[PDB]
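> Experimental structure and sequence below.
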Amino acid sequence: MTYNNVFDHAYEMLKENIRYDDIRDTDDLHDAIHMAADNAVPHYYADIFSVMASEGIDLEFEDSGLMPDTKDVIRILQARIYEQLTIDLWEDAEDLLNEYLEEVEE
Amino acid sequence: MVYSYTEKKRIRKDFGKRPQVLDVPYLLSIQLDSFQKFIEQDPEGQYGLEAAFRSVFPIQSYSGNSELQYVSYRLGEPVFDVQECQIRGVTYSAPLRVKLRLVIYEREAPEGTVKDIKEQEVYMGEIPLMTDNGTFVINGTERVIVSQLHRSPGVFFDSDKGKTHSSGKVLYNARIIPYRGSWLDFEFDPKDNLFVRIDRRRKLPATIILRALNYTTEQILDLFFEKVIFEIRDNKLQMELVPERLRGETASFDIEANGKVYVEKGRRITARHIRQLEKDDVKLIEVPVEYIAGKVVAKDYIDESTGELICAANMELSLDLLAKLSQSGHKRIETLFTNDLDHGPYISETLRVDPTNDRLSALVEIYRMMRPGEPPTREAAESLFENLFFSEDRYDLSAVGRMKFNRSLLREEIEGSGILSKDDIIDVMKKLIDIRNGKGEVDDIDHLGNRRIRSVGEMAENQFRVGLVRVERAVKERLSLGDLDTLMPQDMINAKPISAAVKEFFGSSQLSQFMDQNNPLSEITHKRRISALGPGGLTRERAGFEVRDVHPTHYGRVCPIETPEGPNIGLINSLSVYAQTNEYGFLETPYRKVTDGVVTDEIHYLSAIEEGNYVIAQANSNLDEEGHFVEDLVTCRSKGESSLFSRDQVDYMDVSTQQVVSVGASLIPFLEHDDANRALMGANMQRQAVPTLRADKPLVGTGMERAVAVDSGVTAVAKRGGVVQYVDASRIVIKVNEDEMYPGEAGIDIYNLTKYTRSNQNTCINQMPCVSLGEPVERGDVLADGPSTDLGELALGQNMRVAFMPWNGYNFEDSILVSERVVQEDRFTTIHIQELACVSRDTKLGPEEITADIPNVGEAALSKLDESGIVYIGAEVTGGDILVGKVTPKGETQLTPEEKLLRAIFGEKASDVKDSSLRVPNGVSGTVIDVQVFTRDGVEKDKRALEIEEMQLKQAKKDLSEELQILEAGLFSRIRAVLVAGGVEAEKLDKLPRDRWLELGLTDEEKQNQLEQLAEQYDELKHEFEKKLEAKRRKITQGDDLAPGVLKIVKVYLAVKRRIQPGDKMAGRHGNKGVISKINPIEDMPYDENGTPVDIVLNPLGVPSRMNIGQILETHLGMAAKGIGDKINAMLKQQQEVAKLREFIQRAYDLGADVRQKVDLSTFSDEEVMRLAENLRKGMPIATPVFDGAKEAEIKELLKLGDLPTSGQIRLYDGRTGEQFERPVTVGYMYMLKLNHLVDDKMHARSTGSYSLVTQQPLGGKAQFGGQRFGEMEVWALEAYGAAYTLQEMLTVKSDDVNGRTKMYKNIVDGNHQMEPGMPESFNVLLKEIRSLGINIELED
Amino acid sequence: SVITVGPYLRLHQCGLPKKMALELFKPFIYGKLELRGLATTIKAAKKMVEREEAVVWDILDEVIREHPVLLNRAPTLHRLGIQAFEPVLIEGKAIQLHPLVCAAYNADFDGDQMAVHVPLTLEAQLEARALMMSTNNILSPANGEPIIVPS
């Protein structure tokens, strides 16, 4: 319900970041994903407990290195949204790279 | 100098002290091993595609009695050439010819064949075949799949470090790993009990997985506890004593032995008291009562009166049970043993926790536990138990996993079926209890013996199995009801979904990657790359921060150096030089055998499990010629940590000092004297470099450059070479040697030199010839020189004269000051070839062809174009010039009542409103290279592409005519030789052509033989020539695949020459990058007493922080190398005799320490000395190895020969002030590099452009532009300054207003310079969005 | 662009590339060619920019002569990450920086980038030359230790 809005906002901001930073590889294209992981995440606990209540995100982790180790729950719940957003936006970034080479008539 | 017929021109002075037994490998065994295992067919059913064929076939699945077996997987031919299919933009794949057979059996006929069909070839599968380098092509682009590492099937262990309980208690688990299917794990409880985890679900009870083996609980507990016989016969209460079963026991009561006391209360239980009880034959004696109360009845007992429900499973005995067993009269009572005292009784506790002891209740419980909720239906539980039971299709324990399961349990067999059995889970539980005791240590997670490295063949097989089970699903669908409806040539399997699946897999996201075009050492380290990211390592059951760290198994298997500079640092480990994948899949590095007296020169390949018990000596240790160890205490190691051993306690030895580094960082001399992070940084400098035009050799190398340049495949390697016939700038042909020769295929081989075509990272590839004319070569010798290659030796960058001083500020911390002479030599002038990919849109209405004659174009731009909108080859495009004519089709506008004059002038919108031309976005300059218009079958593009067709026809004729002309010349020689015995008319042969009127009437037997042989051979050669010519003619002019939205795809290669620039992204081999401050002229730079100005000045102040002593020694050694080369150049310019330069070359190549290089002269004399003098006149190629390389004394004794001061402090002057410098500068020579980044490519700050509705995001000034990232912290910095108007521009006017940009542009251009402050058109949008609801916004002060 | 070092141009001055500064002040070039009467129409000024003759460089030298600018790295953890300077034309495509501003920027000269913000209004020029100069801030705004330290 609210995770779809965050997903669409992250897709739009990541498309604008790859449009602006105009890089054309799959090895160095990660700083635009760092732009999407640091901007599209919600700030305080209201939307964080509101987005994770909606579908699209789970508690289990894909990579062990990105999991934080602290006693504050809000840092782990923010890094959860960040890691899930990077995992769900890697393939969409490569799809918009495949659409990106012949999108704008220039 | 007789090794590969190219070292004789350029002798490398090797400083390798330690002896080498094993030579340098092919460096592509990892990429080619799985390919030669997957494609080559094995009649034995293991390790291949035939092994995957025999594991799922034959199947019928519904009452058919008709099996399908097809033993044919050998025939396969590529459809075109590799380079031609790479140019044409088509994927490079080959069909798989599989011949099938079918057997139809009658009803109730065992082993009866009534009908059969024969199929010679069934078209299925289009597999791409890799080349000898390992670059298979999709859509005209080479793709390299990165090899991975995955958790091999076996038995794993982990301690869990007290994670889920957080007190500090360990939790041992034995997670069995299959090849595919469900995973099973065991769990320890904080209350010391066992649980089962299946597919990461909740906790299962313990003994339900083991009592489902058609077993009873009493048999399980009798398998647990052993050999305790407590007997009661007429109130006896006397049992058997066990002295040897226990080492100590707290005796709380008096223990007597045959009328006398043996162990008193609180008596000694020492070795003497045990010996006095064991030496005397003591029968069964009385025990105290309280030993019984701590015991548990074991087996299923029944009384005389009562039956069941007593002593069933873990019944704690009380005072109500002793009277019952005394009334029933039990002769033998089985009680506990307290087995495994180091761990304790744990099975009886799990029996006490688990209420269920029946098998059917266990199946109902596990059937309700797998699903979230299902009612018990008496057949679902058996099906769910069979699904977890080991089978063939749903479960796999193939040869690697079965061998690991045998080695984990100390079994002696290696061959078995891929299924578990009844005793296997019992042995796994026994192994878990054995780890719980302590006999046997817990294996670490990050061993290389636990993780198996998989390559591209296993990945292709694992993806092909999904297509194969789809194929057998289609076969099971087709064989249903199709008894007489087989249709073996008609109703076969559609090969389109499996081709789409293999095209998606070889064009995947994580696995298949693009090969980086810069510095082909980067290519050969992409081909030797092992990463952990992907769908296979996506699960990560046991991972964390420890996986990214280094384990001491990483000694010689992979390298700890080569990791990328991104976030994933520590998880990509490049494979080392000498390591080799075993036949199971694990990595093995070679070790030579050491006997008692001598050292045997043979080598073995050792794995991690072998070296866990073996002893491995160090690499740097003394060894004489015979093999006797002269050192009494050789420093060695046992399990990874170095500790001093004796001379005979080791039986292995390292072959060479190269195994601890891979091929990427083996080009850096003195890796001891550089820091590890800085060596990693130097590897990240060497991973990217554009090729240079001059390509000067590394004067300081390691000897790895020739091996990389001969093993990467970027240069042409001459096979069966010999006398060279003809070499030009595009072709190399070699006359065949008389040593090896094919009967009928003696001929010549053609080497087509690839010219300047576009690569992946916009780089040029070129192949310069090495042998000019008339020189014998060897099979293995090089002939072409690729990008960054100097005469078959790898030359990534170029070296220059370096002055170590602080300058006037132009080198701050690590900046670089260069000279103007480097610009004068056109040095590292990069050549960037980009792609012009034209598009011709096809709509619902209008024509499809894009033609010439586009209006609204000036005649100055139309003069450089030929017909049909293509420019001439050699015309320069600068910015907005037209390379191809873009054409919108004539649809969408012919049914318009308006704009008739616009359709008369500039009809159907042939150009845009206001846009640039479609060549390159603006800011460039450069000429065209090659046009690649490829046509469709029936498209009529002759007027645009007739030139390339005629040119490629002439190239094909010039390539494939010379071999048959040499064969025809040999035919004419045999004509001139066959008529010697009869009718000598050689003057008539030389006078009249055409075989002297075609072999006139000589002696009849020889005449008939000559006419028959010449007619037969001439007609067959003419027919074969016409067949090859017509076949290649049908190959060239044809059609290829294309998207239906476009008609043609025009590819124009556009070369751009980029001059010198102050950014330059310049670096070295030791992790020292820097930028150009200012282009410094020649006359104002320091120079020595001979007047040679320096070429580059870097900053020594970074030296004590970047820890680069190897840079200093490379500098001081390159100084001596170029000094020897300059003395050779002076002897050449003085034109001395051969014998005077000969003694100098001998003294330069023998004087030193024991570097064991037995190269010498008097092999070739009076020739080829001037050639090597002209080769090495620009500098001496001294090869310095990494670990057994140069010392300081070797550098001093070699540098005294070049008439240079020993400390390196060469006194310099000044070019700006002329004052003699104090603190004499150690000048020398360093091998510099230019990276991929360019300062003119990083250009930004677009201007006010049209077609922008919000935030100036579409159509700015760039290639593809977008306006954002002012920042979220810079706004707060402007708040911290107190900037209001700059922040006001950051809010509305400069940032987020359309009318405000026009007003500000009018203010700047008209000269008003009025800001007009306020809240323009953003707060108005806020008011329109707030007042849309039932609440409004008023207006007050 | 890529930041390089400039061993001159006293503290309230830095460098700026030629082909970048020719483009950064394009409406200012248009306005001053309208003011001096050298360009009659706007397309004449757009052609005079494309020709790159000497009087265009004279007008550009009149633009850059006493006009401020902002240099602004992407990590601004504190206020001294963005600093106002004075551009001087440098041959090439890279930016020459004052040597002693590296501790305030917390980065070394290895190819790190810095945005070049042009003050477009007169009040923004006053904000640059009054508050954001490197000569206005000598001490640190958090400790009192001077931020300009030789290295």
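In hand now; what should we look at? Residues are numbered from 1 along each chain as shown, chains lettered A, B, ... in the order given.
> only C-alpha atoms for contact and neighbour calcs from this point on.
OK.
> Regarding stretch B:651-660, how distant is the last residue from the first?
Its first and final residues considered, stretch B:651-660 spans 20 Å by Cα to Cα, to the nearest Å.
> can you give me how far it is from the chain middle?
Mean-position distance between stretch B:651-660 and its chain equals 24 Å (Cα atoms, centre = their mean, to the nearest Å).
> what sits up against it?
Applying Cα atoms under 8 Å, 6 or more residues apart in numbering or on different chains, the contact partners of stretch B:651-660 are B:18-22, B:555-560, B:576-579, B:589-595, B:615-620, B:666, B:1186-1188.
> again, only this time at 7 Å
B:19-22, B:555-556, B:559, B:576-578, B:591-595, B:615-619, B:1187-1188 (Cα atoms under 7 Å, 6 or more residues apart in numbering or on different chains).
> Just give me the neighbour total for the residue of chain B found nearest chain A.
For chain B and chain A, the shortest gap (Cα to the nearest Cα) falls at residue B:1266, measuring 3.9 Å. By other Cα atoms under 10 Å in any protein chain shown, the residues close to residue B:1266 number 22.
> And for residue 6, the neighbour number?
With no chain named, the answer covers chain A. 17.
> I was after chain C.
Counted by other Cα under 10 Å, the residues lying close to residue C:6 total 23.
> For the nearest residue to it once chain neighbours are set aside, pull up the helix or strand it's in.
Nearest non-adjacent residue to residue C:6, counting by Cα to Cα, 6 or more residues apart in numbering or on different chains: residue C:96, 4.9 Å away. In this structure, residue C:96 sits in strand C:95-97 according to DSSP states H and E.
> Where do the helices of chain C begin and end?
Assigned by DSSP state H, chain C shows helices spanning C:18-24, C:26-36, C:42-51, C:54-64, C:122-130.
> So which of the ones you listed is the most surrounded?
Comparing the helices of chain C by mean neighbour count (mean count of other Cα atoms under 10 Å in any protein chain shown), helix C:26-36 ranks first with a mean of 20.
> Which strands and helices lie in contact with that helix?
Here helix C:26-36 touches helix B:1299-1310, going by 3 or more Cα pairs under 7 Å, 6 or more residues apart in numbering or on different chains; DSSP states H and E.
> Could you list the residues in contact with the following helix or strand past the helix it packs on?
Heading C-terminal from helix B:1299-1310, the first helix or strand you meet, by DSSP H and E, is helix B:1323-1330. Contact with helix B:1323-1330 is made by residue B:1336, as judged by Cα under 7 Å, 6+ apart.
> Dump the helices of chain C into a markdown table; add distance to residue B:163 as well.
Output for the helices of chain C, formatted as a markdown table (distance: least, Cα to Cα, whole Å):
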| stretch | distance to residue B:163 |
| --- | --- |
| helix C:18-24 | 57 |
| helix C:26-36 | 64 |
| helix C:42-51 | 69 |
| helix C:54-64 | 64 |
| helix C:122-130 | 56 |
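> Adjacent strands (with direction) for the strand holding residue C:96?
strand C:3-5 (parallel) (DSSP bridges).
> now what about the partner strand, what contacts it?
B:810, B:1075, B:1077, C:94-99, C:109, C:111-113.
> Quick check, the residue in chain C closest to chain A?
Using Cα to the nearest Cα, residue C:74 is the residue of chain C that sits closest to chain A, at 12.1 Å.
> what residues are up against the closest residue to that residue other than its chain neighbours?
Using Cα to Cα, 6+ apart and skipping the chain neighbours, the partner closest in space to residue C:74 is residue C:114 (6.8 Å). By Cα under 7 Å, 6+ apart, residue C:114 lies in contact with C:1, C:71, C:72, C:73, C:74.
> Quick check: the two most widely separated of the residues you listed?
Greatest spatial distance among those (Cα to Cα): C:1 and C:74, at 12.2 Å.
> who has more neighbours, these two?
For the pair residue C:1 and residue C:74, the greater number of neighbours falls to residue C:1 (24 against 18), based on other Cα under 10 Å.
> could you measure the more buried one against residue B:1241, distance?
Residue C:1 is 9 Å from residue B:1241, where distance means Cα to Cα.
> which of the contacts of strand C:3-5 tops the neighbour count?
Neighbour-wise, those (other Cα under 10 Å) top out at residue C:94, 32 neighbours.
> For that residue, give its distance to residue B:815.
Counting by Cα to Cα - residue C:94 and residue B:815 are separated by 13 Å.
> Report the contact partners of the residue in the stretch 1151-1300 of chain B positioned nearest to chain C.
Proximity of the stretch 1151-1300 of chain B to chain C (Cα to the nearest Cα) peaks at residue B:1277, 4.5 Å away. Residue B:1277 makes contact with C:78, C:79, according to Cα under 7 Å, 6+ apart.
> One more: the one 10 residues further on?
For residue B:1287, the contact set (Cα under 7 Å, 6+ apart) comprises residue B:1278.
> Quick check on the closest residue to residue B:1296 other than its chain neighbours: phi, psi?
Excluding its sequence neighbours, the residue lying closest to residue B:1296 (Cα to Cα, 6+ apart) is residue B:1255, at 5.8 Å. Residue B:1255 adopts backbone torsions of phi 60, psi 10, taken as degrees, to the nearest 10.
> How about the residues of chain A by chain B?
A:16, A:19, A:20, A:22, A:62, A:63, A:64, A:65, A:106 (Cα under 7 Å from any Cα of the partner chain).
> Quick check: the first one is in a strand.
No - remark: residue A:16 does not belong to a strand; assigned using DSSP: H, G, I helix; E, B strand; the rest coil, it is helix.
> What is the neighbour count of residue B:1019?
12.
> quick one: it from residue B:1093, how far?
Residue B:1019 sits 71 Å away from residue B:1093, going by Cα to Cα.
> Then residue B:142?
The gap separating residue B:142 from residue B:1093 is 45 Å, by Cα to Cα.
> So for the two, which residue has more residues nearby?
residue B:1093 (23 against 20).
> May I have the beta-bridge partners of that one?
Going by DSSP bridges, residue B:1093 is paired in beta bridges with residue B:1087.
> ok, residue B:431 - how many residues close by?
The number of residues packed near residue B:431 is 18, by other Cα under 10 Å.
> what about it, which SS state?
For residue B:431, the assignment made with three-state DSSP gives helix.
> Can you tell me, leaving aside adjacent residues, what's nearest to it?
Nearest non-adjacent residue to residue B:431 (Cα to Cα, 6+ apart): residue B:409, at 7.5 Å.
> how about the residue of chain C found nearest chain B, what does it touch?
Here chain C gets closest to chain B at one residue, residue C:31, 3.8 Å apart by Cα to the nearest Cα. Contact analysis of residue C:31 by Cα under 7 Å, 6+ apart lists B:1308, B:1309, B:1310, B:1311.
> Distance of residue B:568 relative to chain C?
In this view, residue B:568 and chain C are 21 Å apart by Cα to the nearest Cα, to the nearest Å.
> just checking, residue B:69 touches residue B:56?
No - Residue B:69 lies out of contact with residue B:56 (Cα atoms under 7 Å); the separation is 10.5 Å.
> tell me how far the top helix by length along chain A is from the chain's mean position?
When chain A is parsed with DSSP H, its longest helix is helix A:73-100. Put simply, helix A:73-100 sits 3 Å off its chain's centre (Cα atoms, centre = their mean).
> So which other helices or strands are in contact with it?
With contacts taken as 3+ Cα pairs under 7 Å, 6+ apart, helix A:73-100 sits against helix A:31-39.
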